[PDB]
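As a basis for the values below, the full set of heavy atoms in this structure was taken, side chains included, without hydrogen atoms, waters or symmetry mates. Throughout, a chain's letter reflects where its sequence line sits, starting with A, and its residues are numbered from 1.
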Amino acid sequence: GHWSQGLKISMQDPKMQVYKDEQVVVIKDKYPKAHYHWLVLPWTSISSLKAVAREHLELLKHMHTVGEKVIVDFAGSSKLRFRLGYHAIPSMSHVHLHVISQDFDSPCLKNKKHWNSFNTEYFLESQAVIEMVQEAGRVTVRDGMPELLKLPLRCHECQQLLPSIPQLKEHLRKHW
DNA sequence: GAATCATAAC
Ligand SMILES: Nc1ncnc2c1ncn2[C@@H]1O[C@H](COP(=O)(O)O)[C@@H](O)[C@H]1O
Ligand SMILES: [Zn+2]
């Protein structure tokens with residue numbers, strides 16, 4: 001019932017399921033940080049990245065392939081670039097893969113923490129995580145994630161530094 | 001005046 005269990009409730013709601021198969025389910029991010037923003041969750045929950053082991057390798061690969069399928073099935077006309085990844089220190093329970101388009105045009109993207117959670121090392125690429133599991137049997141999340149969320153705003157396309165969220169949103173129009 | 005930061009949510 002906690003706010004932090006929200007993903008489990010949503011993924012069980014038939015009207016919220018964008019796609020589902022034997023292993024995973026896709027829901028829209030309720031507070032999307034870009035035009036296209038999905039979350040991929042396994043039916044068998046993973047508590048956290050620390051609990052990930054070599055036994056999850058195939059599932060993590062399946063979550064990745066399902067994310068890419070959803071892009072094709074639902075975002076083909078946009079021509080947007082996408083990234084797939086995990087937040088190093090999530091707030092919502094149940095490990096979930098972010099699948100998010102790189103326009104970052106959304107009213108829900110409101111503050112520096114939002115921006116840096118998709119545009120610093122706090123965002124762990126899905127491919128990088130799969131390789132970590134495939135090679136070490138575990139996901140290593142490096143120390144100091146909270147500080148990355150406070151970094152000054154930097155455009156992800158041209159690396160220009162911006163002083164505020166409104167000016168960043170205005171700057172992003174140059175990359176239409 | 002606008003935007004951000006720090007803190008709480010019973
Ligand atoms: N009930 C919900 N259904 C879908 N997405 C949600 C829900 N509650 C929160 N979210 C999103 O889930 C993500 C949780 O962030 P994080 O824990 O950092 O991976 C955020 O991007 C939220 O916008
Ligand atoms: Zn730029």
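A:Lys150 comes within 4.0 angstrom of the backbone, heavy atoms only, and of no base. Across all strands, A:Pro166 comes closer than 4.0 Å only to sugar-phosphate atoms, never to a base (heavy-atom distances).
The distance from atom CG of A:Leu153 to atom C1' of B:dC5 is 13 Å, rounded to the nearest whole Å. One interatomic measurement links the two molecules: CH2 of A:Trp3 to P of B:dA8, which rounds to 16 Å at whole-angstrom precision. The NE2 atom of A:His114 sits 17 Å away from the P atom of B:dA3 (whole-angstrom rounding). When the P atom of B:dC10 is taken as reference, atom NE2 of A:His2 falls 12 Å away, rounded to whole Å. Atom P of nucleotide B:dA2 and atom CD of A:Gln167 are separated by 14 Å, given to the nearest angstrom. In this structure, the CG atom of A:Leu149 is 16 Å from the P atom of B:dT4, given to the nearest Å. The separation between A:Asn111 atom CG and B:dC5 atom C1' is 10 Å, rounded to whole Å. Distance A:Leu168 CG to B:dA3 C1': 14 Å, rounded to the nearest Å.
At a threshold of 4.0 Å, the pair A:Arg81-A:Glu157 counts as salt-bridged, since one of the basic side-chain nitrogens sits closer than that to a carboxylate oxygen.
Between A:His37 and A:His98, the angle of the ring planes lies from 30° to 60°, which puts this pair in the tilted group. Taking the six-membered ring where the residue is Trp, A:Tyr36 and A:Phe82 present tilted rings, their angle falling between 30° and 60°.
Under 4.0 angstrom from either OP1 or OP2 of B:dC5 there lies at least one side-chain N or O belonging to A:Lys112.
The closest donor-acceptor contact from the side chain of A:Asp103 to the backbone of A:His35 lies under 3.5 Å.
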